[PDB]
Amino acid sequence: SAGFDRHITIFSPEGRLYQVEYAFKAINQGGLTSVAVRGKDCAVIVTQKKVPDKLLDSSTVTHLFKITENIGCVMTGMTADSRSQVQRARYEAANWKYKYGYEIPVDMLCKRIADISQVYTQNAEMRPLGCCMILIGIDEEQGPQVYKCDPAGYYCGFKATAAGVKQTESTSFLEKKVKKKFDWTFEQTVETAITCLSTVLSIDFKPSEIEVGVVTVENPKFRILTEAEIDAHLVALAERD
Amino acid sequence: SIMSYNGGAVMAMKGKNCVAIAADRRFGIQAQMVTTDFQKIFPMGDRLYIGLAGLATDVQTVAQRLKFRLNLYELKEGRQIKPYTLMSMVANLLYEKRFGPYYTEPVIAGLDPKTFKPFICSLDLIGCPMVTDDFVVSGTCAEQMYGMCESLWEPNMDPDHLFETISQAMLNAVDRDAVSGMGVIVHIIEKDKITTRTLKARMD
Amino acid sequence: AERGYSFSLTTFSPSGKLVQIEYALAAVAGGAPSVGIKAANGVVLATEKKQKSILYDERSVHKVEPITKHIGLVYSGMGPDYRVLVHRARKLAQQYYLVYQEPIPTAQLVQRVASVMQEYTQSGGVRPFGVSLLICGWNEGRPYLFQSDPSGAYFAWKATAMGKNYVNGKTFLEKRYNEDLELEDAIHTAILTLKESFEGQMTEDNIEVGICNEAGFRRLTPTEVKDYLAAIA
Amino acid sequence: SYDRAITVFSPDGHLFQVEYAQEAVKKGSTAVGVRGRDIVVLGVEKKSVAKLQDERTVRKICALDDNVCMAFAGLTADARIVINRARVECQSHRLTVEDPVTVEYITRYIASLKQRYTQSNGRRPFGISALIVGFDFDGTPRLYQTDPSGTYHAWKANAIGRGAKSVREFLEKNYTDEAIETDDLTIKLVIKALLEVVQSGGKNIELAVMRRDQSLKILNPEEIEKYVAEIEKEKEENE
Amino acid sequence: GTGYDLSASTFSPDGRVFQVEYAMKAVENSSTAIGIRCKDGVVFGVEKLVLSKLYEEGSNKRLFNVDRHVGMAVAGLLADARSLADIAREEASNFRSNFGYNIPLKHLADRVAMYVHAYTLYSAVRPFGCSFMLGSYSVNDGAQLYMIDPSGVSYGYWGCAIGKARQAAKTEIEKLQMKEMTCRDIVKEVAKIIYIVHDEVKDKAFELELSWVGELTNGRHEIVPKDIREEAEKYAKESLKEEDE
Amino acid sequence: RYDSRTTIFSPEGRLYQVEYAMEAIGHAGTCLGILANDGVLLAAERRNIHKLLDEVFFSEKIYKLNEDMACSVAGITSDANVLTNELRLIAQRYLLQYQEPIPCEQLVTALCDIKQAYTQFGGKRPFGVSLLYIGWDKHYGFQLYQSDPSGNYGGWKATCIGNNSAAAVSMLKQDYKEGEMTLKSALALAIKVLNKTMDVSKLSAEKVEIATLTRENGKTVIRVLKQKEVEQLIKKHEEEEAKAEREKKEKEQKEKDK
Amino acid sequence: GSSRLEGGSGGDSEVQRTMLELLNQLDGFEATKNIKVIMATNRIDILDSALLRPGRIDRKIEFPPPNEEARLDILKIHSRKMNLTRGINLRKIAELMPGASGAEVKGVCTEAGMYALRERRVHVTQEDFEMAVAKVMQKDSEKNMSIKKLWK
Amino acid sequence: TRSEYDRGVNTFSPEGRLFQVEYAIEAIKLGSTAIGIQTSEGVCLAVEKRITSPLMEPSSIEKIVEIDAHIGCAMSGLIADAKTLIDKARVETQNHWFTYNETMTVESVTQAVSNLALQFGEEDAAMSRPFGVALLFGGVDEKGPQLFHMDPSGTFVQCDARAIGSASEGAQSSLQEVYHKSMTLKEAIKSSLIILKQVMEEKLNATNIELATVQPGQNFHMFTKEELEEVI
Amino acid sequence: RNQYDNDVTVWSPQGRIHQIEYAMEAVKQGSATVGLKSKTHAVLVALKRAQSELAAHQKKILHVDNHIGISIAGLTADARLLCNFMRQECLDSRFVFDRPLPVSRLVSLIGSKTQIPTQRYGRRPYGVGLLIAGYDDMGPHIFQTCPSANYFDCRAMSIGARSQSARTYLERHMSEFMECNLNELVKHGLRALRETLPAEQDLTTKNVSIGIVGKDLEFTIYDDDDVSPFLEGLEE
């Protein structure tokens, strides 16, 4: 059943879209990895950071973007496709604010990108961009919001999500952690995320080779934690554990 | 005036389970009367008629367009259009062309297919739906017809008592209107009957 | 067999069969369990909402959505396709509302969504929408339950089920279904037909049920669905 | 592997799918046509029908103008399309220049339409060969033939269909001034031509004649029966 | 072959686009091009190969001027290079006309990256098979360098090299205190880099292209004046001799 | 292989995909039609009346194209809906332009030109549909045609398309009065052919649909016979056949006596 | 021996040659004297034209699925060696079995017999034959209503 | 080898060949032969007809067609394409006369017909295969009589005497032998007829050949039946 | 190959796009053309082939606006198309600005125009190798462009069938260029064409085509007897 594989619009006899699945395979091909966790009043995203050359600038190399003031995103997948998707999300957020006159809920922004990807999977154009995009934001009524926008058309909302190579182990660890008192504090959520990534990686994190972003019900802005914050959290929290 | 070019007049009222729609018969361009058998009340259903008035070419064209739409709607949605749905359809037809319209004032009169309750409505030349339980007047001599409407109507009205009222009202209104008149056709729609009368008039 | 004539959608087969739409229907059947029952005074739709983890916030993506306050829609198949069809169904309903000032009759909404599917199943670079829709509605006074298939085909149902085990669902409904099944019992029948297809415990949060009666289509809240599940169990 | 594309040459230099449309035309019932001094006639095989199946809806001769007639052979759908476009062209050239449409002109139009469908890659060629027979305004019994390849020619008498080859040979043998000398010998010639391929005679022949400035008329079954009887009498007399 | 590499609109059954990868492979066969970021500018050099002596000094010019103040250095297929240069020129012009101030290099890199991303997405057009670098200096933003490859990634670089010898060029660039050198010395060091990566026995002839953009010229990208080029080449020959020692 | 594209001519001059559609029509339901001096009628075989389905649409295979014409469809359901909508559009376009209900021949020719375009243009598979049109037109009274996927249409006194349509038409040939059949006799013959062609030897209102067009009071009437009339006809025919069987048994008894 | 499809790459050339030799031996130079050849096939459509030629296979008999009262004959033939009660209507069994091949008739008798074997009984009754018909003529039908309604 | 390089006009072969173009050039061969001559006294054209059998009138196998009053055109190849390119030629000649009020030179006319034959599959115009026709335009422009040959690949050139068609390679040699510059139109007619007779199958006899001449004087003259008999 | 050389939209799995190489080959099938320059002139000498001793000889030097000649070696169709585009560009520049278009910019326009049909599946690469002469205000140029859409500013170049002979001759004798004479430069071009010849054959007034541009000399072509002053004076 490998003949139904060379076009995004031809079903397999068992009802599978192989070049939709291969987009997820590309996600895994991204090499990096990402995780996100939402607490009672905070949302925290943690992500790899590979700098395999002294000349690469850490100021530019980053996979935590600011789609708008209140909404932030972590990418997992090919960098070019990721940045195209980021630009699209910025465009759609701006257009929403312009037309309907209020900041786009994370619900809708993830829905909108999911629908763009769906259009591409149905009409045999583009080449479904291979990135997984995880959005964090603050919603006035429900509270914190963490959503994932896979490159096949799901925009699902998550209590704790993982993307990339270590997605399975990350999901297992996050289930284990969530089953115990999901009401987490700001520092406890930052931990849960960083500890999940560290354990699934079998590594201990330097304060630089990890990118962490956070939003809170008191700070509804996409704060990219600096080297100081990363170091402080890692050292102090691992010590006090 | 564009309306005054070809005159005309349409009226409709409702009584007690009976409705009536009355139109003057005339087609004169400017002042040269051309004929006196011009159809202005058209049947769009078993108990639903449209009394398009105003400019002649626009009247005919709206009739053909609306019959096109209604045939499609009935066949595709097998049913007999309810008067409200016909009113909205006519509103869409006229308002599709606000920037240069059909110069006509539709006037719908009929009975609801299911509950057999009466319905009358009017529309302006751009498509503001107009429903009222007493009268609907359109075309030239609008003022005269409104006067007769108001000053010759009583509620809870029966078939013949409504026949006489609608006749008298339109007869007087159209006799007191240049570029209008010379015969009055009156269509009375009932629960099971429809009567098409050609009453007298000051054809002069 | 007819092997060559299965990679395209503008080429018949010696049997006359367009293989690609049948493949799409296979994709549909390979989806979530969903059930529909036409009660004497209502319609009931249900669909397994099971997630792959406790991580997914199981309140963020619903599966029984409205199209008007007299019509609603549930699905089995894929999900992105479903979102597109729901968006277009709402758009068609509103277009009809503007053109004719009357809430869209369920039959016509079904017909137009079917026409959309037909549009998508008739060109060389459009993948047939792989999803089958159950459309519930209340028009005049008679509840309507329709099924729209990727093939552009729309057909009425007294009660049906679709997904991985539609055969079992339909035999169960055949056993348990009688015309004069008032809504309060139709809900139990739908939930039971979901039970006979639903692995694991049918918690109140992993099942979505929507009921369409005169008052208007409404998706039952977690408290109501939990009450019903406890009553049935 | 140099087929299946309407705009692809074979290394020897042929366009094959237009030729295939021609061979599809070869699968139609015989149609013969002759131009006399003042009568141009087209004859055709009805090929009979089941008694339940009406016959007005089975047409092979169509008048495209008062002075131009057309006999089809090939695919029925393509026939209808080409004839419809021919009619609109006729009554459009009438406006373009206030002169009846020359038979040569409508033949050029059909050739142009067929070539327009051939030369592109998303247009199946009109598989129909047509005989156009008419009287130009100046006065001449013209007859042309148009192929699926958009080529037209000026024939004096010819046939297309299942028996085109044999009937063309027969006409070569049995066409002369004496044949085209009257208003009846040409008709007799055309019936004789048909009878070679069509056998049932009574239920397998149809004729339509056009006399100078005279509206085309389709000869009645009785009239064609009388003519075949007359040729049969001549046959037995000379036998 | 593979059966999933034709066209760039098809994911191979691993999550890989063989067309983009072949584009990168074609990139990694052209003459070397180095760029280095200083404290007050960015300097570019290109290992131009005179494929014949008939060609005037001033043949295919792999150092292009995008906007008054951005230099583009290209390695790969130079027709695609010129096309990309025109795209970047037009984008700088559009930015100035639509906003009023000179194009920030980060934005220009982002937009050209999205352009090349468009040409890698589609099945009717091949991805750009030529990599390049964008460098500039402004009193406000400061010296910047960026790389754009066929896949369309705009990672920021302190220094970079593209082409046949990029690993060697890197390895040798790390042997520099780029953070603190100045344009004048980095020009000579670029000359040394080019002459250490160059392979005379393989490329027969050779000529050197150099440029800098920095505060020393007020942000106006300029081909290294003739005298500075000659002095840098002299120092490069001396450094080659010293390495040979 | 000369069947991978609609617009491809075969070396023996056959549009394969067109033949493919024409044979595909066989797998559809079963429609038959009879013309009678008083009226015209169609019969249709409801292949599927699974008891959990519903009967929302009074007609699942016969449609009313306008006041003076009806059409039965057989083939792919999506193409069926598309073609019926285009037919209605053509009819009302003709009404708008000319103000006379379209002659049935003209309506059929229009739709069949649409189908011809499809079978001759670009990347579009031929409509996998065959239609039987009945109607009344002021030019030639009552009329019945059959249109195939290839856009070819034939005017038939009686005809049948679908499953065992060859058998249906053979029996029509056997039992059709070529100029004398009335509407009741037409209904009887239609029931007989349906009984002999439908897979189940037993008929009922749950598997048949009969449509009758007649001119009354100067206006056309297209009536889809209700299940009561359908069952009464099925009965009358079954009991007539049973009486024939009793007569045959009496003949056998006489032969035994001899 | 079946349709002679092209060879060289993916054609059953060897079985095709077997068929060709059979062709020549049935009819060919120095033909046969008194050797008769009977052939059987469940579907002839693909059988090759040279064989089905009326020179090698002269006559082509068909075996239509036993019609009415032919099914009765088969029921009698395969129920003679049995234990039937007074009140078994093999005719009624025939009508209840429409369009059933002779294999089906044998299976129906056999399954009625096995049902009799079940209940320590040496008698087969009408209802037992009915259950046998039901168990033998199992007409599996696709339940995918969509695939079934594809065609109007 | 030529299984993926000669199935499209826009896919170069490893050699650098447009195999659809050579195939059109081959399709030129199939046609009936034509021979055009240009001498100091005008231009002559003699062509062979291939009448299959009578009842096919002379005025349907158009090998010679008149291009303006000062050119004649001999065709070799597919008739539909020949009609299209002759129509292009006529409309161009008349448009040039209309805009500039002068007689289009034969160089200009064959240049423009070639310019039409160029646009095989360019996405700015609409054909998809080369016009499979090779044409001879023999006319009288201000440079005295001239004769310009066009091949299906849009290449046109002057030719003091050129033969085209099925009898191409078998008549170029004869033209090479016989032609000389100081030739009169009578010699041209006789020589062209002799070469045609040499390379035809049926016996040249005034109803299997067409002849025309465009002179610095009387316009394009299509030889009539009596003239054919005289020359023959 | 065999599955990566069917269009210009597919890279091969080794970094080379095959259709462009095929077009590069196509350029070699023309005729020898040797173009060259001095401090004030630019001369293009091309070998006009003969299709028969009756048919005239193919032209190979076309005349773009008065400060551009062009020698074409490749597909005649593409040569004509790019000639028309160059003429259009020259005239458009003359219309907007009143200055003859620099021949280092016309070439850029041609390069863009020829790259565009090497990155989309809607056309084929062009098939003419072009030698653009001309004397802008700076100095005479000889630009070369090949279907690959790369343009070279050549001290003196050649292209076509048997173009190496010319290129090697240029290697050898280009040291004299930039100081020669109005006619000596043409003589050097003629010698280049001589070396491109297949021997036996020579430079005859017919098969030799010469085009000249430079200061105080707009573009000119010497054919038929206009070339005799060159061949007659040419060293045996």
# chains A, B, ... in the order shown; residues from 1 in each chain; ligands from 1

$ interface_residues --of "chain A" --to "chain C" --cutoff "8 Å" --atoms "only C-alpha atoms" --output "VMD selection string"
chain A and resid 4 9 to 16 107 114 to 115 118 122 to 124 152 to 161 171 174 to 175 178

$ interface_residues --of "chain G" --to "chain C" --cutoff "12 Å" --atoms "only C-alpha atoms" --output "list in words"
residues 141, 142, 143, 144, 145, 146, 147, 148, 149, 150, 151 and 152 of chain G

$ residues_around --residues "region 61-71 of chain G" --least-positions-apart "5" --cutoff "7 Å" --atoms "only C-alpha atoms" --output "PyMOL selection string"
chain G and resi 94+99-102

$ write_last_selection --atoms "C-alpha atoms" --output "PDB file, in the first residue's frame"
ATOM      1  CA  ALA G  94     -37.788 -25.047  -3.818  1.00  0.00           C
ATOM      2  CA  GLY G  99     -31.716 -18.717  -7.627  1.00  0.00           C
ATOM      3  CA  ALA G 100     -29.816 -21.355  -5.656  1.00  0.00           C
ATOM      4  CA  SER G 101     -27.254 -23.527  -7.392  1.00  0.00           C
ATOM      5  CA  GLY G 102     -27.228 -27.301  -7.165  1.00  0.00           C
TER       6      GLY G 102
END

$ select_by_dssp --residues "chain G" --states "helix (DSSP H, G or I)" --output "ChimeraX atom specification"
/G:13-26,49-52,70-77,90-96,102-118,126-136,145-149

$ residues_around --residues "residue 29 (chain D)" --least-positions-apart "5" --cutoff "8 Å" --atoms "only C-alpha atoms" --output "short mmCIF file (atom, residue, chain, number, x, y, z; two decimals) with C-alpha atoms, in the first residue's frame"
data_model
loop_
_atom_site.label_atom_id
_atom_site.label_comp_id
_atom_site.auth_asym_id
_atom_site.auth_seq_id
_atom_site.Cartn_x
_atom_site.Cartn_y
_atom_site.Cartn_z
CA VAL D 44 -28.49 8.45 -45.93
CA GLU D 45 -29.00 5.07 -44.28
CA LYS D 46 -31.56 5.12 -41.48
CA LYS D 47 -30.23 1.78 -40.17
CA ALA D 73 -21.45 10.84 -40.38
CA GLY D 161 -19.70 6.27 -43.74
CA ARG D 162 -19.23 2.52 -43.60
CA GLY D 163 -19.15 2.16 -47.38
#

$ atom_distance --atom1 "CA of residue 161 (chain C)" --atom2 "CA of residue 208 (chain C)"
14.4 Å

$ closest_residue --among "D:18, D:58, D:132, D:164" --to "residue 145 (chain F)" --atoms "only C-alpha atoms"
D:58

$ residues_around --residues "residue 177 (chain D)" --least-positions-apart "3" --cutoff "10 Å" --atoms "only C-alpha atoms" --output "ChimeraX atom specification"
/D:36-37,180-182,186

$ decode --residues "region 171-207 of chain D" --atoms "C-alpha atoms" --output "tab-separated table (two decimals), in the first residue's frame"
chain	number	residue	atom	x	y	z
D	171	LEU	CA	-19.56	7.13	-58.35
D	172	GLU	CA	-16.24	7.37	-60.19
D	173	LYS	CA	-17.60	4.66	-62.48
D	174	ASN	CA	-21.16	5.96	-62.85
D	175	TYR	CA	-21.03	9.77	-62.75
D	176	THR	CA	-21.20	11.68	-66.03
D	177	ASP	CA	-22.97	14.54	-67.79
D	178	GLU	CA	-25.81	12.20	-68.74
D	179	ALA	CA	-26.18	11.35	-65.05
D	180	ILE	CA	-26.19	15.07	-64.23
D	181	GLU	CA	-28.37	16.02	-67.19
D	182	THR	CA	-31.87	16.36	-65.67
D	183	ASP	CA	-33.69	16.92	-62.37
D	184	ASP	CA	-34.36	13.20	-61.86
D	185	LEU	CA	-31.30	11.37	-63.18
D	186	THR	CA	-29.18	12.80	-60.35
D	187	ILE	CA	-31.68	11.51	-57.80
D	188	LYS	CA	-31.73	8.11	-59.49
D	189	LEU	CA	-27.94	8.11	-59.34
D	190	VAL	CA	-27.95	8.76	-55.61
D	191	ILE	CA	-30.46	5.99	-54.90
D	192	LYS	CA	-28.39	3.64	-57.03
D	193	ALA	CA	-25.35	4.66	-55.00
D	194	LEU	CA	-27.08	3.95	-51.71
D	195	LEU	CA	-28.42	0.55	-52.70
D	196	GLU	CA	-24.91	-0.88	-53.00
D	197	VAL	CA	-24.39	-0.73	-49.23
D	198	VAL	CA	-27.99	-0.46	-47.98
D	199	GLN	CA	-30.11	-3.52	-48.80
D	200	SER	CA	-33.54	-3.31	-47.16
D	201	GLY	CA	-34.25	-0.37	-49.46
D	202	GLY	CA	-37.68	0.53	-48.14
D	203	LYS	CA	-36.65	0.89	-44.49
D	204	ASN	CA	-32.97	1.76	-45.07
D	205	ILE	CA	-32.96	4.79	-47.38
D	206	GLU	CA	-33.68	8.47	-46.86
D	207	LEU	CA	-33.25	11.25	-49.42
